[PDB]
Structure formats: structure tokens, C-alpha cells
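Peer 1: Below: one structure in C-alpha cells.
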Amino acid sequence: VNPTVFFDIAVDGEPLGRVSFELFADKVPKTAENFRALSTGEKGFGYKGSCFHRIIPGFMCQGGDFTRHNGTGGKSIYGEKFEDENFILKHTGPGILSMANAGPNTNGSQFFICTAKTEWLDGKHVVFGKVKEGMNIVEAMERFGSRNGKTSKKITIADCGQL
């Protein structure tokens with residue numbers, strides 16, 4: 001019942017591999033739907049072609065800023081921002097998919113994929129999915145990050161959609 005979406009990842013334009021996610025629409029339907037629709041592009045904008053602008057090995061990969069490409073942009077399917085839906089789910093380990101934000105009730109399109117347990121984010125960022133397949137591809141992406149988050153190669157979502 002929960003939707004599955006994929007990202008095909010490229011590094012400086014060269015294919016790397018595919019990551020798929022489960023979206024916990026059963027627990028966070030509004031937040032899951034935003035990510036799903038941005039992944040299919042069905043509202044006329046979304047993640048295809050955007051990059052992962054911040055990758056910190058041993059912490060997270062952050063993407064979803066499809067308007068400014070650097071962490072200052074993005075928007076939801078519900079407007080610029082939308083509310084924190086709930087905090088049922090927690091940041092329990094690698095593979096968790098969670099919303100980036102800039103304060104209470106400021107979700108847009110930016111998200112991160114945790115590559116470590118990040119329990120200090122519980123109750124502050126909304127968890128809405130997990131990596132299903134291709135965690136090995138996330139681990140490969142992580143190697144292009146650095147302590148300050150700058151990437152040493154351009155990491156893009158070359159294609160994305162729903163499985």
C-alpha cells in the first residue's frame with residue numbers, strides 16, 4: 001500500500017545507481033504525498049535534475065533544493081512551506097528519510113537521507129520514509145562528501161519516479 005519511489009543517481013553526469021524508498025503514507029500521508037508528487041513531477045515541478053548539495057559522511061546526504069541548488073530554495077506541492085505533520089517516527093539509523101526545515105512548520109522540498117542514527121533530530125524533523133533498495137548507492141554517494149558538506153563531484157537525480 002505504501003508508495004515506492006526511485007531516484008537514479010549520477011556523479012558528474014555518469015550513472016551511479018538507483019536508490020528506492022518506501023514512503024510511510026500510512027503514518028504521515030501529507031508529507032509522504034509531497035515527496036511522492038515531487039518525485040513523479042506530476043504537479044509540473046520536482047526533483048528530476050536536482051542535486052544533493054550537502055553530503056557529510058557519517059551523518060547525512062541532503063537534497064531537494066530544486067530552485068536554488070544550494071539549500072536556500074525549494075517548495076512543496078502545498079505552497080512555499082507546510083506544517084510538521086507529526087513526529088511519530090524516529091531517526092533510528094541509516095536509511096531514514098526525513099524533512100529538512102528552518103524552524104517549526106517550515107517544510108518545503110528539502111530532505112535528507114541519514115547515514116547514521118541521528119536521535120537529536122527526533123521531534124524536530126519529520127521522518128517519512130526509508131531506503132528500501134540501494135543503500136549501497138547511498139554509501140557510494142557519501143564518499144563524495146566532506147566534513148563541511150561540500151561535494152567533490154556533482155551528485156544529481158538524473159531520473160526519478162514511482163515504482
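Naming works like this for the C-alpha cells: A, B, ... for the chains as they're shown, residue 1 at the start of each chain, ligands 1 onward in shown order.
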Which residues are close to residue 57 of chain A, i.e. within 8 Å by only C-alpha atoms, leaving aside same-chain residues fewer than 6 positions away? Reply as a list in words.

Peer 2: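 That gives residues 115, 142, 143, 145, 146 and 147 of chain A.
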
Peer 1: Let's see if you can do this: from backbone DSSP, list all helix (DSSP H, G or I) residues in segment 20-86 of chain A, as a PyMOL selection string.

Peer 2: chain A and resi 29-40

Peer 1: Using only C-alpha atoms, pick whichever of A:155, A:163, A:116, A:28 has the shortest atom-to-atom distance to residue 5 of chain A.

Peer 2: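 Closest to residue 5 of chain A, using only C-alpha atoms: A:163.
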
Peer 1: Neighbouring residues of segment 120-124 of chain A were defined as those with any atom within 7 Å, considering only C-alpha atoms; residues of the same chain fewer than 6 positions away were excluded. Please report them as a list in words.

Peer 2: residues 87, 90 and 91 of chain A

Peer 1: Produce a file of the selected residues containing C-alpha atoms, as a PDB file, in the first residue's frame.

Peer 2:
ATOM      1  CA  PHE A  87       6.674  13.126  14.995  1.00  0.00           C
ATOM      2  CA  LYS A  90      12.069   8.484  14.818  1.00  0.00           C
ATOM      3  CA  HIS A  91      15.591   8.715  13.408  1.00  0.00           C
TER       4      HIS A  91
END

Peer 1: In Å, rounded to a single decimal, give me how far atom CA of residue 9 of chain A is from atom CA of residue 137 of chain A.

Peer 2: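 Computed distance, atom CA of residue 137 of chain A to atom CA of residue 9 of chain A, equals 8.2 Å.
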
Peer 1: For residue 52 of chain A, please output as a ChimeraX atom specification all residues within 10 Å (counting only C-alpha atoms; exclusion window: fewer than 6 positions along the same chain).

Peer 2: /A:9,61-66,69-71,110-112,141,145,149-151,154-157

Peer 1: For residue 51 of chain A, which residue out of A:114, A:10, A:135, A:126 is the nearest one, using only C-alpha atoms?

Peer 2: A:10

Peer 1: Do you have the atom CA of residue 1 of chain A-atom CA of residue 134 of chain A distance handy?

Peer 2: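 Value for the atom CA of residue 1 of chain A-atom CA of residue 134 of chain A distance: 20.4 Å.
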
Peer 1: Pick out the residues sitting within 9 Å of residue 104 of chain A, and hand them over as a PDB file with N, CA, C and O atoms, in the first residue's frame; count only C-alpha atoms, and ignore anything fewer than 2 positions along from it in its own chain.

Peer 2:
ATOM      1  N   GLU A  83       3.215  22.517   7.412  1.00  0.00           N
ATOM      2  CA  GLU A  83       3.369  22.211   8.826  1.00  0.00           C
ATOM      3  C   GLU A  83       4.070  20.883   9.086  1.00  0.00           C
ATOM      4  O   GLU A  83       4.122  19.988   8.230  1.00  0.00           O
ATOM      5  N   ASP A  84       4.650  20.764  10.270  1.00  0.00           N
ATOM      6  CA  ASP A  84       5.118  19.483  10.766  1.00  0.00           C
ATOM      7  C   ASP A  84       3.936  18.601  11.041  1.00  0.00           C
ATOM      8  O   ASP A  84       3.133  18.865  11.919  1.00  0.00           O
ATOM      9  N   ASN A 101      14.337  21.474   7.489  1.00  0.00           N
ATOM     10  CA  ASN A 101      13.488  22.617   7.767  1.00  0.00           C
ATOM     11  C   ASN A 101      14.310  23.751   8.351  1.00  0.00           C
ATOM     12  O   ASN A 101      15.507  23.584   8.610  1.00  0.00           O
ATOM     13  N   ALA A 102      13.659  24.885   8.573  1.00  0.00           N
ATOM     14  CA  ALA A 102      14.305  26.094   9.083  1.00  0.00           C
ATOM     15  C   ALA A 102      13.588  26.614  10.314  1.00  0.00           C
ATOM     16  O   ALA A 102      13.626  27.800  10.572  1.00  0.00           O
ATOM     17  N   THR A 106       8.027  24.599   8.751  1.00  0.00           N
ATOM     18  CA  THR A 106       8.660  25.209   7.592  1.00  0.00           C
ATOM     19  C   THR A 106       9.139  24.165   6.578  1.00  0.00           C
ATOM     20  O   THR A 106      10.142  24.359   5.909  1.00  0.00           O
ATOM     21  N   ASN A 107       8.418  23.067   6.453  1.00  0.00           N
ATOM     22  CA  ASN A 107       8.775  22.055   5.471  1.00  0.00           C
ATOM     23  C   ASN A 107       8.551  22.565   4.075  1.00  0.00           C
ATOM     24  O   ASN A 107       7.586  23.253   3.816  1.00  0.00           O
ATOM     25  N   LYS A 124      11.903  17.135  15.954  1.00  0.00           N
ATOM     26  CA  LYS A 124      12.201  18.398  15.289  1.00  0.00           C
ATOM     27  C   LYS A 124      12.152  18.278  13.751  1.00  0.00           C
ATOM     28  O   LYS A 124      11.982  19.287  13.055  1.00  0.00           O
ATOM     29  N   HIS A 125      12.470  17.160  13.223  1.00  0.00           N
ATOM     30  CA  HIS A 125      12.332  16.899  11.790  1.00  0.00           C
ATOM     31  C   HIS A 125      11.358  15.736  11.632  1.00  0.00           C
ATOM     32  O   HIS A 125      11.358  14.805  12.452  1.00  0.00           O
TER      33      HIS A 125
END

Peer 1: One number please: atom CA of residue 132 of chain A to atom CA of residue 81 of chain A, in Å, one decimal.

Peer 2: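 A separation of 27.2 Å between them.
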
Peer 1: Which one is closest to residue 4 of chain A: A:31, A:76, A:39, A:50? Count only C-alpha atoms.

Peer 2: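 Looking only at the distances to residue 4 of chain A, the closest residue turns out to be A:39.
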
Peer 1: Which is closer to residue 19 of chain A than all the others in A:43, A:130, A:54, A:48, using only C-alpha atoms?

Peer 2: A:130
